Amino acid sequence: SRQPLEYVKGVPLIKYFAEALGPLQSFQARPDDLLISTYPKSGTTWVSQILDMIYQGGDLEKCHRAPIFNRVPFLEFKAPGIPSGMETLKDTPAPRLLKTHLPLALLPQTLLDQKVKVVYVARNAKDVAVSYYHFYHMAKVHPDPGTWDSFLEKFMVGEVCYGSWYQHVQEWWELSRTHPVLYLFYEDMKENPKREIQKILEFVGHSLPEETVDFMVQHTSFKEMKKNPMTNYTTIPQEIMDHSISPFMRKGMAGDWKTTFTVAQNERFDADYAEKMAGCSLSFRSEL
């Protein structure tokens, strides 16, 4: 493991994800599919759990039928010993929830032709960066992230798995212009999850009772999801993920980046960020 990244169409990737793209070429989307798309560490699991509960009518015992990574197939996923997004998906009953981090340049065209509904979650880049740094350590398939300063440097030039956060959040934002895309923010979800959930409920067309929403709002909170082995990844083998080094469910906070970023890193990050997100309507909250 810890192989360096491989590049495909300008997108750096973990070697195994890269290979995954082959079999991923045969994939056929259905009109009733729903795609969960985020830049890594931006709240994929949060919203996956939310979405699956909606798909099970709120029943909690049904959501414990299997790991979230089995309930929500990971499109580009493939790893040494353990089913590939494509396998797991063969036994996946419709309507299907699917997970991806792929930028548009790599996204299977079938998804756009079938006009598949997309739920996109964005998070502030500073928190994403810190989160991703910690994730790199614990998720052993990735290259050495190095020191934090070193990793922060790569993250600014997009030399991390999945490429530039700046390109990802902006390209799906423009797609939303003209594809059914619910475009959400991690920090809004943090602020008032109930509100975000109604948005999701509306988006997917379903409608659920208050009692049921508050129910979901609470079994989708960080602590509950941190408790639940069907969401905390603690059944994924040690070799792929060691939660000792760092939990998948680490902090779940907005503003955590302030205890990692140095003042110098912050000033340099802010200056470069301006340049890159210039002429863009996207407006992020670094803190609540």
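Throughout, we count residues from 1 along the sequence that is shown.
Asks: Could you settle it for me: does 176-184 or 116-124 have the higher average Cα B factor in the PDB entry?
Replies: It is 176-184 that shows the higher mean C-alpha B-factor.
Asks: Could you check the entry and say whether 34-42 or 55-63 has the higher mean CA B-factor?
Replies: Result of the comparison: 55-63.
Asks: Say you rank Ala29, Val263, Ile240, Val47 by Cα B-factor from the PDB entry; which sits at the top?
Replies: The C-alpha B-factor peaks, among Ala29, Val263, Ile240, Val47, at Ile240.
Asks: Based on what the PDB entry reports, which of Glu87, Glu159, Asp149, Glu76 has the top C-alpha B-factor?
Replies: Of the options given, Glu87 has the highest CA B-factor in the PDB entry.
Asks: Going by the CA temperature factor in the PDB record, which third of the chain does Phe203 belong to: lowest, middle or highest?
Replies: Within its chain, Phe203 is a middle-third residue by C-alpha B-factor, going by the deposited values.
Asks: Tell me, lowest, middle or highest third: where does the Cα B factor of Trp257 rank within its chain?
Replies: Lowest third of the chain for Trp257's C-alpha B-factor.
Asks: Split into thirds by Cα B-factor across the chain's modelled residues, where does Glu196 land: lowest, middle or highest?
Replies: Middle third by C-alpha B-factor.
Asks: So where's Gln109 on the chain's Cα temperature factor ranking, which third?
Replies: Tercile = middle for this residue's CA B-factor.
Asks: For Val11, does the deposited CA B-factor place it in the lowest, middle or highest third of the chain?
Replies: According to the entry, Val11 has a C-alpha B-factor in the chain's lowest third.
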